[PDB]
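Engineer:
Number of protein chains: 4
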Amino acid sequence: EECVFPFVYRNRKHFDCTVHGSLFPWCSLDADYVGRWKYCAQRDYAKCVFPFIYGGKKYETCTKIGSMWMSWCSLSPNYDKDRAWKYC
Amino acid sequence: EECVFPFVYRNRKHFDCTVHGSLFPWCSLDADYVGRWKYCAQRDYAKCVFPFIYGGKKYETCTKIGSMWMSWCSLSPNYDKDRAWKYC
Amino acid sequence: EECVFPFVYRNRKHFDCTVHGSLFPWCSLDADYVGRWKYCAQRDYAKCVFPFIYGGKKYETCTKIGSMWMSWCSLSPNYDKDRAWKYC
Amino acid sequence: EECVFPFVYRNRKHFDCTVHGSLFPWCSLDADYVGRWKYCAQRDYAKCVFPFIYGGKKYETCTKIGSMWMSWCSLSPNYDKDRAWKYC
Ligand SMILES: C[N+](C)(C)CCOP(=O)(O)O
Ligand SMILES: C[N+](C)(C)CCOP(=O)(O)O
Ligand SMILES: C[N+](C)(C)CCOP(=O)(O)O
Ligand SMILES: C[N+](C)(C)CCOP(=O)(O)O
Ligand SMILES: C[N+](C)(C)CCOP(=O)(O)O
Ligand SMILES: C[N+](C)(C)CCOP(=O)(O)O
Ligand SMILES: C[N+](C)(C)CCOP(=O)(O)O
Ligand SMILES: C[N+](C)(C)CCOP(=O)(O)O
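Chains as they are written, first to last, in the authors' numbering: chain B, 22 to 109; chain A, 22 to 109; chain B', 22 to 109; chain A', 22 to 109. A prime marks a further copy of an entry chain.
(1) Using a Cβ-Cβ cut-off of less than 8 Å, give me the residues of the segment 48-61 of chain A that come near chain B', in sequence order.
(2) Given a cut-off of 7 Å, decide if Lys-85 (chain A') and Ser-95 (chain A') are closer than it, judged by their beta-carbon atoms.
(3) Determine the chain B residues that contact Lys-85 (chain A) at a beta-carbon separation under 8 Å, and present them in chain order.
(4) In the DSSP assignment, what residue or residues form a beta bridge with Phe-26 (chain A')?
(5) Could you tell me the alpha carbon to alpha carbon distance between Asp-51 (chain B) and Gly-77 (chain B), rounded to whole angstroms?
(6) Across which residues does DSSP place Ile-74 (chain B) in a beta bridge pair?
(7) With DSSP as the reference, label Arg-64 (chain B') as helix, strand or coil.
(8) Does the count of Cβ pairs from the segment 96-105 of chain A and the segment 63-81 of chain A closer than 8 Å reach three?
(9) Are any of the Cβ atoms in chain B' nearer than 7 Å to that of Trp-106 (chain A)?
(10) Indicate the three-state DSSP secondary structure (helix, strand or coil) for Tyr-54 (chain A') in the structure shown.
(11) In this structure, how does DSSP classify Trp-90 (chain A') when only helix, strand and coil are distinguished?
(12) Quick check: what's the CA-CA separation for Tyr-66 (chain A') versus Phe-36 (chain B)?
(13) Could you tell me the boundaries of the beta strand (DSSP E) in which residue 133 (chain A) lies?
(14) Which of the three DSSP states, helix, strand or coil, is assigned to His-41 (chain B)?
(15) Got a sec: is the Cβ-Cβ distance from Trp-93 (chain A) to anything in chain B' below 7 Å?
(16) Quick one, which of A:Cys-24, A:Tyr-80 and A:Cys-69 has its alpha-carbon nearest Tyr-108 (chain A)'s?
(17) Within 6 Å: the Cβ of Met-89 (chain B) and any heavy atom of ligand 4?
Here it is in structure tokens:
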């Protein structure tokens, strides 16, 4: 099945596939981990979440604001809160 | 005679042939072990139980979900409860 | 694809899935290993080969001859030569 | 500009963005590195090359064969020769 982001595993919140406790990226099929997980294929990795809030401002695309080198995007609607992100 | 699954032997519940107390896999001929048993041949091993509950969801076939290597199935109607399984 | 039995891997001949160099049973998809392999599902394990030669005699079913406890079968047409077998 | 795959840098052939000589993945803008390069964004990474030769066989799609974890594809027409790949 599909990955559920974010998911909580051992009290740790994940907004993307993780190598936490693994040799290969995996994701939970449930927000609250109950034993269902799978290794991640390219399509399974978390995609940019638009729009997202950063510094109290709304972003509709990848941005260099707050980075100034490589554009990035949030992996949740509110980066200020979750701080989950990835380079684009 | 025929294996009875699950069977209880020395405080352990077995849903398949076991090496519990032996070198070669065996099974009890009674739900509650009372001295009747036999060594398991290929046909004696437990078969998949469908459907089965896993991660609070109903599965009608084997699944690769939750396994680091191969598709598997529960050996009881409720894997979450019994945790008994085999690869497919 | 399908397993090829027997297959040679690092000069070792295998007539069934093996854990040789692995944490889980696997098989080569080519008689002469060239990098193609897969983990084995139940259907992939080597099945009895009938008829098979043992002690210069032909066997059409699993036999206890030469064992006298649990019936077994060869995993190749000529056990005398290959010595590959499994309990039935 | 755009990545050129494969590209040669300091005696190494790269069929995808690389961390060779850096902390962040990059790629040469020329087959033979001559000073033109850029850091890779998601879109810059090499894409699967179909069909590709693997184990002397022709593959038209990604395959789980040969991988301990995930389906993959070659980054060149001949994996046996180049050994360049990526997960799918
Ligand atoms: C980390 N993992 C989810 C890939 C495997 C271990 O899972 P679990 O044994 O904590 O349920
Ligand atoms: C997400 N980021 C680290 C790339 C840039 C924003 O950084 P910060 O202002 O939240 O520290
Ligand atoms: C002896 N042993 C502890 C390894 C296994 C079987 O013990 P028991 O619980 O059946 O008495
Ligand atoms: C534990 N399980 C029944 C969910 C799956 C089998 O686990 P694994 O040992 O193949 O990774
Ligand atoms: C043993 N194995 C085939 C599962 C993996 C290692 O394969 P290889 O690296 O010798 O080609
Ligand atoms: C195959 N076997 C070991 C079960 C019985 C035959 O043994 P052997 O006569 O080849 O030694
Ligand atoms: C320095 N290093 C050996 C770790 C990696 C890069 O070396 P080089 O071959 O590019 O000169
Ligand atoms: C090496 N390969 C390209 C055949 C497959 C990937 O290997 P693995 O590291 O996922 O097991």
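We treat Cβ as the ideally placed atom computed from N, Cα and C, and that holds for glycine.
Structural biologist: Looking at the coordinates:
(1) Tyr-60
(2) As a position in the fourth sequence, residue 95 (chain A') is number 74, starting the count at 1. As a position in the fourth sequence, residue 85 (chain A') is number 64, starting the count at 1. The answer is no: Cβ separation not under 7 Å.
(3) Working through the second sequence from its first residue, we reach residue 85 (chain A) at position 64. Correct list: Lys-59.
(4) Locating residue 26 (chain A') in the fourth sequence gives position 5, counting from the first residue. DSSP lists no partner for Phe-26 (chain A').
(5) As a working mapping, residue 51 (chain B) is identified with position 30 in the first sequence. As a working mapping, residue 77 (chain B) is identified with position 56 in the first sequence. Their backbone Cα atoms lie some 30 Å apart in a straight line.
(6) Against the first sequence, residue 74 (chain B) aligns to sequence position 53. B:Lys-79 and B:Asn-99.
(7) Here residue 64 (chain B') corresponds to residue number 43 of the third sequence, with the count starting at 1. The answer is helix: DSSP assigns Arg-64 (chain B') an H, G or I state.
(8) yes
(9) Along the second sequence, read from residue 1 onward, the residue named residue 106 (chain A) stands at position 85. Judged by the 7 Å Cβ criterion, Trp-106 (chain A) is not in contact with chain B'.
(10) For the purposes of this step, residue 54 (chain A') is identified with residue 33 of the fourth sequence, where counting begins at 1. Coil.
(11) Taking the first residue of the fourth sequence as position 1, residue 90 (chain A') is located at position 69. Coil.
(12) Within the fourth sequence, numbered from 1, the residue matching residue 66 (chain A') stands at position 45. Within the first sequence, numbered from 1, the residue matching residue 36 (chain B) stands at position 15. Roughly 22 Å separates the two Cα atoms.
(13) In the structure as shown, chain A begins at 22 and stops at 109. Residue 133 (chain A) is therefore absent and cannot be evaluated.
(14) The residue given as residue 41 (chain B) occupies position 20 in the first sequence. Three-state result, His-41 (chain B): coil.
(15) As a first step, residue 93 (chain A) must be located in the second sequence, where it is residue number 72. With 7 Å as the cut-off, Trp-93 (chain A) does not count as an interface residue toward chain B'.
(16) Position 87 of the second sequence holds residue 108 (chain A). The candidate whose alpha carbon is nearest that of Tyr-108 (chain A) is A:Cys-69.
(17) The residue given as residue 89 (chain B) occupies position 68 in the first sequence. Checking every heavy atom of ligand 4 against the Cβ of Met-89 (chain B), none is found closer than 6 Å.
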